[PDB]
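*Asks:* Have a look at the structure that comes next, please.
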Amino acid sequence: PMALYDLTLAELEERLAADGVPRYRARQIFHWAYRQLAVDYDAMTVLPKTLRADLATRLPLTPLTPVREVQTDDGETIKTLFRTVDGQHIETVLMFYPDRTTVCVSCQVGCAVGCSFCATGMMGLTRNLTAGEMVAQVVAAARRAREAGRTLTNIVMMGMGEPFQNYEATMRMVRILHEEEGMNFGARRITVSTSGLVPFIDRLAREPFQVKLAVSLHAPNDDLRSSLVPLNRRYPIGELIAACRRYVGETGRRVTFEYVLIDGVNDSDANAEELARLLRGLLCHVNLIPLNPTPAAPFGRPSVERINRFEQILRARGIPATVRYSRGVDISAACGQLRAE
Ligand SMILES: Nc1ncnc2c1ncn2[C@@H]1O[C@H](CSCC[C@H](N)C(=O)O)[C@@H](O)[C@H]1O
Ligand code: SF4
Ligand SMILES: [Br-]
């Protein structure tokens with residue numbers, strides 16, 4: 001079971017040739033699927049009708065069915081629910097900014113890591129998504145952006161799931177989107193975020209694609225971090241930071257750290273000072289994310305005054321840091337809120 005979106009251009013050429021179809025048809029299919037954002041094969045008028053039928057039967061265009069869309073009152077954040085072929089659901093979020101248009105993509109149905117503040121983790125892991133199911137979210141978002149006068153410019157792997165527990169499929173998505181005859185999507189426009197699977201940071205450092213790396217940290221010591229991120233028991237904070245230092249050494253590229261701020265948990269002045277010591281000298285940037293509400297929510301968000309003080313401490317120690325209030329809270333589309341209904 002493959003969809004069109006699972007294949008590189010070369011793989012599609014070889015699949016067509018095995019069926020006696022000219023290899024040149026592969027570039028035409030990529031043009032119509034990715035530049036024209038075709039909704040179905042019958043939209044690809046350049047292809048013979050019989051070939052459109054063979055493709056529809058043997059190589060379905062997309063593996064996702066859109067079910068529902070909701071947007072914020074200002075229309076700048078749009079969340080879509082999709083159904084998979086096996087009857088599961090995932091969500092995507094499309095964000096309109098002044099100078100860019102970004103899709104937040106899911107990489108798994110659920111998540112196995114179980115971070116204590118994340119609603120996705122509360123559902124557990126159903127299965128990894130295929131590369132085609134990730135590409136499908138990007139194509140749908142690019143089509144929706146075009147309706148708003150926009151071209152999709154950026155992708156963030158910050159929806160449901162842990163990308164480094166689905167590493168091969170995530171990198172296949174990057175490769176397919178990079179195809180010049182398809183979406184022609186530069187790797188620098190894609191951010192991959194991880195809760196901190198050390199060996200895959202080392203692997204990412206050696207990939208030919210210059211994706212941006214984000215690491216979800218949330219605490220500056222092991223005792224605290226393990227209470228929030230169960231993966232820290234397996235890949236502890238010292239090993240995680242060492243891997244980030246090696247990544248910068250190999251690539252010369254900045255690491256972005258995410259730090260969710262939680263009232264009375266990880267938001268003290270002493271926590272900020274310890275974080276600055278932990279990150280000393282590293283080429284990095286810290287995004288401070290005030291906790292978003294979830295149904296369970298034993299935890300709360302700190303005051304504005306506490307959030308601003310934490311940011312002030314980091315900056316004073318030479319660590320670039322920005323508070324980022326998530327978009328889409330009013331439609332349950334913010335970081336940590338995706339439950340797929
Ligand atoms: N309730 C919540 N409020 C704010 N951010 C949250 C949140 N729940 C999870 N997040 C954050 O949402 C981001 C993307 S989660 C998806 C990517 C990856 N699994 C990761 O953890 O990095 C992470 O930085 C995560 O810690
Ligand atoms: S924060 Fe990231 S790793 Fe943690 S449970 Fe949510 S999706 Fe999974
Ligand atoms: Br043909």
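Identifiers for the structure tokens are assigned positionally: chains receive A, B, ... in sequence, residues are indexed from 1 per chain, and ligands are indexed from 1 in the order shown.
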Within 8 Å of region 322-325 of chain A, counting only C-alpha atoms, which residues show up once you throw out same-chain ones fewer than 2 positions away? Write them as a ChimeraX atom specification, please.
*Replies:* /A:286-290,307-308,311,320,327
*Asks:* Using only C-alpha atoms and all ligand atoms, what are the residues with an atom within 10 Å of ligand 2, set out as a PyMOL selection string?
*Replies:* chain A and resi 106-125+157-165+193-197+215-218+228-231+260+335-338
*Asks:* Residues within 8 Å of residue 34 (chain A), please, as a PyMOL selection string. Count only C-alpha atoms; anything in the same chain fewer than 6 positions from it doesn't count.
*Replies:* chain A and resi 139+182-183
*Asks:* Hey, which of A:262, A:241, A:29, A:140 ends up closest to ligand 1? Count only C-alpha atoms and all ligand atoms.
*Replies:*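 Closest to ligand 1 of all the choices is A:262.
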*Asks:* Quick one: residues within 10 Å of ligand 3, with only C-alpha atoms and all ligand atoms, as a list in words?
*Replies:*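 Listing the residues within 10 Å of ligand 3 gives residues 16, 19, 20, 21, 22, 23, 24, 25, 47, 48, 49, 50, 51 and 52 of chain A.
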*Asks:* Please save C-alpha atoms of the selected residues as an mmCIF file, in the first residue's frame.
*Replies:*
data_model
loop_
_atom_site.group_PDB
_atom_site.id
_atom_site.type_symbol
_atom_site.label_atom_id
_atom_site.label_comp_id
_atom_site.auth_asym_id
_atom_site.auth_seq_id
_atom_site.Cartn_x
_atom_site.Cartn_y
_atom_site.Cartn_z
ATOM 1 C CA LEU A 16 5.873 3.598 -14.103
ATOM 2 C CA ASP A 19 4.154 -0.991 -15.813
ATOM 3 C CA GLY A 20 5.273 -0.025 -19.345
ATOM 4 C CA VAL A 21 4.509 3.683 -18.800
ATOM 5 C CA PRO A 22 7.069 6.250 -20.050
ATOM 6 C CA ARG A 23 9.336 7.560 -17.312
ATOM 7 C CA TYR A 24 8.673 11.135 -18.500
ATOM 8 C CA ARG A 25 5.144 10.853 -17.080
ATOM 9 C CA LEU A 47 -2.435 12.427 -18.776
ATOM 10 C CA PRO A 48 -4.443 9.858 -20.782
ATOM 11 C CA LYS A 49 -7.719 8.940 -19.094
ATOM 12 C CA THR A 50 -6.737 5.264 -18.910
ATOM 13 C CA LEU A 51 -3.538 6.212 -17.054
ATOM 14 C CA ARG A 52 -5.450 8.419 -14.632
#
*Asks:* Using only C-alpha atoms, which residues sit within 8 Å of residue 188 (chain A) once same-chain residues fewer than 4 positions away are excluded, as a PDB file with N, CA, C and O atoms, in the first residue's frame?
*Replies:*
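The result, stored in selection-v6.pdb:
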ATOM      1  N   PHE A 209      20.610  17.265   4.164  1.00  0.00           N
ATOM      2  CA  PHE A 209      19.579  18.296   4.187  1.00  0.00           C
ATOM      3  C   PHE A 209      19.737  19.188   5.415  1.00  0.00           C
ATOM      4  O   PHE A 209      19.781  18.696   6.549  1.00  0.00           O
ATOM      5  N   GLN A 210      19.762  20.495   5.190  1.00  0.00           N
ATOM      6  CA  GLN A 210      20.034  21.457   6.262  1.00  0.00           C
ATOM      7  C   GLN A 210      18.742  21.892   6.966  1.00  0.00           C
ATOM      8  O   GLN A 210      18.401  23.086   7.036  1.00  0.00           O
ATOM      9  N   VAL A 211      18.055  20.902   7.554  1.00  0.00           N
ATOM     10  CA  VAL A 211      16.863  21.220   8.347  1.00  0.00           C
ATOM     11  C   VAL A 211      17.272  21.956   9.623  1.00  0.00           C
ATOM     12  O   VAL A 211      18.423  21.898  10.071  1.00  0.00           O
ATOM     13  N   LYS A 212      16.321  22.688  10.197  1.00  0.00           N
ATOM     14  CA  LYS A 212      16.533  23.328  11.488  1.00  0.00           C
ATOM     15  C   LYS A 212      16.167  22.349  12.600  1.00  0.00           C
ATOM     16  O   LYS A 212      15.159  21.649  12.514  1.00  0.00           O
TER      17      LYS A 212
END
*Asks:* Could you pull out the helix (DSSP H, G or I) residues of region 16-258 of chain A from DSSP and send them as number ranges by chain?
*Replies:* A: 16-18, 24-35, 41-43, 49-58, 119-122, 131-147, 163-165, 167-178, 187-189, 198-206, 222-228, 230-233, 237-251
*Asks:* Please, which residues of region 153-341 of chain A, numbered as in this document, come out strand (DSSP E) from DSSP, as a short mmCIF file (atom, residue, chain, number, x, y, z; two decimals) with N, CA, C and O atoms, in the first residue's frame?
*Replies:*
data_model
loop_
_atom_site.label_atom_id
_atom_site.label_comp_id
_atom_site.auth_asym_id
_atom_site.auth_seq_id
_atom_site.Cartn_x
_atom_site.Cartn_y
_atom_site.Cartn_z
N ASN A 154 7.00 27.53 5.16
CA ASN A 154 7.73 26.88 6.24
C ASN A 154 6.92 25.71 6.78
O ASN A 154 5.68 25.69 6.72
N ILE A 155 7.64 24.70 7.27
CA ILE A 155 7.06 23.53 7.91
C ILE A 155 7.71 23.38 9.27
O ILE A 155 8.93 23.52 9.39
N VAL A 156 6.91 23.07 10.29
CA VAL A 156 7.42 22.72 11.61
C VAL A 156 6.85 21.35 11.99
O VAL A 156 5.63 21.14 11.95
N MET A 157 7.73 20.43 12.33
CA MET A 157 7.32 19.10 12.80
C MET A 157 7.09 19.18 14.31
O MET A 157 7.92 18.78 15.14
N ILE A 190 12.30 23.80 6.91
CA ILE A 190 11.69 22.76 7.73
C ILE A 190 12.40 22.71 9.07
O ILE A 190 13.63 22.62 9.12
N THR A 191 11.62 22.73 10.16
CA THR A 191 12.14 22.53 11.51
C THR A 191 11.66 21.20 12.02
O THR A 191 10.46 20.90 11.96
N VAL A 192 12.59 20.39 12.52
CA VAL A 192 12.27 19.12 13.15
C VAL A 192 12.51 19.30 14.64
O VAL A 192 13.59 19.70 15.05
N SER A 193 11.52 18.94 15.46
CA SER A 193 11.61 19.10 16.91
C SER A 193 11.63 17.73 17.57
O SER A 193 10.95 16.82 17.11
N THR A 194 12.44 17.57 18.62
CA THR A 194 12.51 16.31 19.35
C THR A 194 12.50 16.55 20.86
O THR A 194 13.08 17.52 21.34
N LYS A 212 16.32 22.69 10.20
CA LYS A 212 16.53 23.33 11.49
C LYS A 212 16.17 22.35 12.60
O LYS A 212 15.16 21.65 12.51
N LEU A 213 17.00 22.30 13.64
CA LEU A 213 16.77 21.42 14.78
C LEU A 213 16.22 22.21 15.96
O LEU A 213 16.79 23.23 16.35
N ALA A 214 15.13 21.69 16.54
CA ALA A 214 14.60 22.18 17.81
C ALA A 214 14.59 21.02 18.80
O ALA A 214 14.27 19.89 18.45
N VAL A 215 14.98 21.32 20.04
CA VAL A 215 15.06 20.34 21.11
C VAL A 215 14.19 20.83 22.26
O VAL A 215 14.38 21.94 22.76
N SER A 216 13.25 20.00 22.69
CA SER A 216 12.37 20.34 23.80
C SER A 216 13.05 19.96 25.11
O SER A 216 13.21 18.78 25.42
N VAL A 255 20.98 25.58 17.41
CA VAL A 255 19.96 24.70 17.97
C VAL A 255 18.94 25.58 18.68
O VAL A 255 19.31 26.45 19.47
N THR A 256 17.66 25.36 18.41
CA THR A 256 16.59 26.04 19.12
C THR A 256 16.11 25.14 20.25
O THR A 256 15.84 23.96 20.04
N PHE A 257 16.01 25.67 21.44
CA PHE A 257 15.49 24.93 22.59
C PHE A 257 14.11 25.44 22.93
O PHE A 257 13.90 26.65 23.03
N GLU A 258 13.18 24.53 23.13
CA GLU A 258 11.85 24.85 23.61
C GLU A 258 11.81 24.60 25.12
O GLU A 258 12.35 23.60 25.60
N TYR A 259 11.20 25.53 25.85
CA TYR A 259 11.10 25.41 27.30
C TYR A 259 9.71 25.90 27.69
O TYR A 259 9.45 27.11 27.67
N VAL A 260 8.83 24.95 28.01
CA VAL A 260 7.48 25.27 28.43
C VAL A 260 7.54 25.74 29.89
O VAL A 260 8.09 25.05 30.75
N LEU A 261 6.96 26.90 30.18
CA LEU A 261 7.02 27.48 31.52
C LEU A 261 5.76 27.10 32.31
O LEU A 261 4.64 27.40 31.89
N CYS A 284 22.73 28.79 20.24
CA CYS A 284 21.36 28.38 20.51
C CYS A 284 20.45 29.59 20.67
O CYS A 284 20.89 30.74 20.68
N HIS A 285 19.16 29.30 20.79
CA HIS A 285 18.10 30.25 21.06
C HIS A 285 17.05 29.53 21.87
O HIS A 285 16.72 28.38 21.56
N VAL A 286 16.53 30.16 22.91
CA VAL A 286 15.53 29.56 23.78
C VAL A 286 14.18 30.19 23.50
O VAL A 286 14.02 31.40 23.66
N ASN A 287 13.20 29.38 23.14
CA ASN A 287 11.81 29.81 23.05
C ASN A 287 11.13 29.40 24.35
O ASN A 287 11.12 28.22 24.69
N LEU A 288 10.60 30.38 25.06
CA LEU A 288 9.90 30.17 26.32
C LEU A 288 8.41 30.16 26.03
O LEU A 288 7.86 31.16 25.56
N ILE A 289 7.77 29.01 26.25
CA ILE A 289 6.39 28.79 25.86
C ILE A 289 5.53 28.75 27.13
O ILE A 289 5.55 27.74 27.86
N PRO A 290 4.75 29.77 27.42
CA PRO A 290 3.85 29.69 28.59
C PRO A 290 2.89 28.52 28.40
O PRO A 290 2.32 28.34 27.33
N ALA A 321 16.73 34.69 23.91
CA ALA A 321 15.51 34.09 24.43
C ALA A 321 14.29 34.92 24.11
O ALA A 321 14.30 36.15 24.27
N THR A 322 13.22 34.26 23.67
CA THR A 322 11.97 34.92 23.32
C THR A 322 10.80 34.15 23.89
O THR A 322 10.68 32.94 23.70
N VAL A 323 9.91 34.86 24.56
CA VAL A 323 8.62 34.32 24.96
C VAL A 323 7.74 34.22 23.73
O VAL A 323 7.63 35.18 22.95
#
*Asks:* Hey, which of A:85, A:282, A:141, A:104 ends up closest to ligand 1? Count only C-alpha atoms and all ligand atoms.
*Replies:*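 Ranked by minimum distance to ligand 1, first place goes to A:104.
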*Asks:* Nearest to ligand 1 among A:281, A:328, A:149, A:1, with distances taken over only C-alpha atoms and all ligand atoms: which residue is it?
*Replies:*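 Checking each of A:281, A:328, A:149, A:1 against ligand 1, counting only C-alpha atoms and all ligand atoms, the winner is A:328.
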*Asks:* Report, in Å with one decimal, the straight-line distance from CA of residue 13 (chain A) to CA of residue 134 (chain A).
*Replies:*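 Separation between CA of residue 13 (chain A) and CA of residue 134 (chain A): 21.3 Å.
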*Asks:* Residue 269 (chain A): which residues within 10 Å, counting only C-alpha atoms, same-chain residues fewer than 2 positions away excluded, as a list in words?
*Replies:* residues 266, 267, 271, 272, 273, 274, 275, 306, 309, 310, 311, 312, 313 and 314 of chain A
*Asks:* Which of these, A:126, A:137, A:102, A:292, has the shortest distance to residue 151 (chain A) once you count only C-alpha atoms?
*Replies:*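 Among the listed residues, the smallest separation from residue 151 (chain A) belongs to A:102.
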*Asks:* Restricting the calculation to only C-alpha atoms and all ligand atoms, which member of A:301, A:172, A:58, A:253 is positioned closest to ligand 1?
*Replies:*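 Ranking A:301, A:172, A:58, A:253 by distance to ligand 1, first place goes to A:301.
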